[PDB]
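Below: one structure, written as structure tokens.
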Amino acid sequence: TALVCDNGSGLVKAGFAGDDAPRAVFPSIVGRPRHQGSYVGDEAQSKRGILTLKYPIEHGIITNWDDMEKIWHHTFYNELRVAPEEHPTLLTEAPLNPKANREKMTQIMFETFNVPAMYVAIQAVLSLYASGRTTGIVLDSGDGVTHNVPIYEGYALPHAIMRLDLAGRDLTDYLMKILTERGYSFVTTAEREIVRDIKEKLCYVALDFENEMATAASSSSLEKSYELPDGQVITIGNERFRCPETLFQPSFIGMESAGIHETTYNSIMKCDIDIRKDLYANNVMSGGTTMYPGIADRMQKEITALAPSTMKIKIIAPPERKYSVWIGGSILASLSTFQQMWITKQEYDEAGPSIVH
Amino acid sequence: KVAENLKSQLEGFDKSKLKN
Ligand SMILES: Nc1ncnc2c1ncn2[C@@H]1O[C@H](COP(=O)(O)OP(=O)(O)O)[C@@H](O)[C@H]1O
Ligand SMILES: [Mg+2]
């Protein structure tokens with residue numbers, strides 16, 4: 008049985024092909040000490065007070081291979097409890113992953129973990145597959161990175177890919193900051209995980225930011241309360257929608273980038289004029305940070321205002337978005353027609369890292 | 013451009029069949 012490992016900028020989602028959900032999900036964090044002369057995932061977040069935390073995949077691309085090798089080891093042995101030697105392994109990569117990087121992942125899988133076969137697929141493409149499409153444009157917003165990825169007949173169009181270094185983790189930090197400014201304190205681990213939970217539970221995307229501000233200014237109807245496990249009650253109203261509003265207005269956190277509606281449109285306009293109508297009718301959202309209530313409606317509205325007045329625009333937000341990359345891998349790796357697409361260790365031993373391309 | 017039978021399997025896949 009093949010393995011599916013989605014190497015997330017914030018969370019590893021790993022599991023077995025043909026399953027409907029990952030078995031393991033844990034932070035892609037490696038932690039170490041230092042104040043008076054290595055751990056992974058949860059036990060790195062857990063007792064971290066004696067740890068400096070690092071993201072080896074901070075923005076979707078793997079930048080530290082020793083730490084990544086630790087993550088993968090944790091994944092195989094500690095989370096899935098499998099012998100890597102026994103399972104074909106499908107790995108995910110970010111859009112615009114450099115060739116040497118994909119070569120490096122391939123070598124590690126064969127020469128370190130001795131997998132019998134492997135494959136590397138683009139996350140956004142897997143999400144599109146998961147929704148039953150091979151043409152469309154994906155907005156993938158995860159933990160450390162957001163991409164727009166137009167895909168035609170199963171192929172991501174590299175020159176049209178957009179990247180925004182703003183996603184779930186930044187929205188968490190932003191909510192923390194604005195709550196801190198109001199006088200609340202979050203120093204520990206959960207706090208700050210409590211702030212993450214507040215974000216997930218109470219935040220939403222306004223259909224019209226200014227109108228929602230007016231509503232929050234003139235009534236108490238958007239106020240919501242969250243109880244902290246010591247007695248503190250934090251109440252928030254406009255911060256519920258101001259926080260994810262950052263995705264559409266990155267200036268909220270001092271970033272000069274265009275927002276996710278503008279990058280979606282710019283991505284489409286980089287594509288062959290002949291496929292744009294198919295991209296506009298197939299905007300698929302994926303990733304945890306697209307889970308906000310209202311985000312599809314807002315994207316429908318913003319893309320409509322940017323696109324030609326006639327254009328048919330559809331946003332598809334699958335209920336399972338949060339794991340659709342992983343699920344796309346699960347489907348892909350179980351398909352009969354995929355089984356000769358595996359790179360075998362024999363194919364590898366005969367040609368080296370360059371086979372993946 | 014992905015092979016045709018693969019596209020067909022992807023586009024027509026029935027997400028039941030996925031083990032719980
Ligand atoms: N219901 C939710 N609402 C808003 N954000 C969410 C929700 N669920 C998860 N997230 C956010 O999604 C991010 C992780 O999503 P994911 O797609 O796994 O990231 P990655 O693949 O980059 O690791 C986290 O920041 C998490 O807070
Ligand atoms: Mg992801």
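One line per chain: the protein sequences are W and C, in this order. According to full-length UniProt numbering, the residues represented by the first sequence are 8 to 44, 54 to 373, in order. Residue numbering for the second sequence follows full-length UniProt numbering, beginning at 13 and increasing consecutively. Backbone N, C-alpha and C fix where the C-beta goes; we use that ideal spot for every residue, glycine too.
Taking non-hydrogen atoms of ligand 1 into account, the C-beta of W:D181 is found less than 6 Å away from none of them. A heavy atom of ligand 1 is found nearer than 6 Å to the CB of W:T305. Residue pairing from DSSP places W:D26 in a beta bridge opposite C:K31. Non-local C-beta neighbours of W:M285 in its own chain, meaning closer than 8 Å and more than five positions away in sequence, comprise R292, ordered along the chain. Annotation: W:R337 has no Cβ neighbours in chain C at a cutoff of 7 Å; minimum Cβ distance is about 14 Å. Checking the 6 Å criterion, the Cβ of W:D83 is out of range of every heavy atom belonging to ligand 1.
Of the other Cβ atoms in all chains shown, 16 or more fall within 10 Å of the Cβ of W:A137; this residue is therefore buried. Look at W:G57: its C-beta is not under 7 Å from any C-beta on chain C.
The nearest non-hydrogen atom of ligand 2 is 6 Å or more from the C-beta of W:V11.
Within the chosen limit of 6 Å, ligand 2 reaches the beta carbon of W:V341 through at least one heavy atom. Here W:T360 is bridged, per DSSP, to W:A133.
Contact note: W:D26 reaches chain C through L30, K31, using a C-beta cutoff of 7 Å and chain order. Remark: the C-beta of W:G15 is in contact range of ligand 2, defined as less than 6 Å to any heavy atom. When distances are taken from the beta-carbon of W:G344 to the heavy atoms of ligand 1, even the shortest one reaches 6 Å or more.
W:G184 has its CB nearer than 6 Å to a heavy atom of ligand 1. Per DSSP, the unbroken alpha helix (DSSP H) holding W:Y281 starts and ends at 276-286. In this structure, the beta-carbon distance from C:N32 to W:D294 does not fall below 7 Å.
Counted as a single uninterrupted DSSP element, the alpha helix (DSSP H) harbouring W:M192 occupies residues 184-197. The three-state reading of DSSP puts W:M271 in coil, since its state is none of H, G, I, E or B. The contact set of W:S346 on chain C, defined by CB atoms closer than 8 Å, consists of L30 in chain order. For the set W:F92, W:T128, W:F264, the Cα lying nearest the Cα of W:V19 is the one of W:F92. At least 7 Å separates the CB of C:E16 from every CB of chain W. In this structure, W:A31 sits away from W:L107, with a CB-CB distance that is not shorter than 7 Å.
Neighbourhood of W:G148 in chain C, by CB distance below 9 Å: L22, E23, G24, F25, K27, in chain order. No Cβ-Cβ contact shorter than 7 Å links W:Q61 with W:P29. Between W:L69 and W:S325, the alpha-carbon positions lie close to 48 Å from each other. About 5 Å separates the beta carbon of W:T150 from that of C:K19, a gap short enough to meet the 8 Å contact definition.
W:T353 has a beta carbon lying within less than 7 Å of a beta carbon in chain C. Distances from the alpha-carbon of W:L142 to those of W:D156, W:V131, W:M134 put W:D156 closest.
Per DSSP, W:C219 lies in no alpha helix (DSSP H) and is assigned neither H nor E.
Note that the stretch 115-127 of chain W does not touch the stretch 261-279 of chain W; fewer than 3 beta-carbon pairs, one per stretch, sit closer than 8 Å. In the DSSP assignment, W:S143 falls within the unbroken alpha helix (DSSP H) covering 139-146. Contact with chain C is absent for W:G152, since none of that chain's Cβ atoms lies less than 7 Å from the residue's Cβ. Here W:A110 is near W:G76, since their CB atoms are less than 7 Å apart. The three-state reading of DSSP puts W:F92 in helix, counting H, G and I together. Interface with chain C (7 Å Cβ-Cβ cutoff): W:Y135 is excluded.
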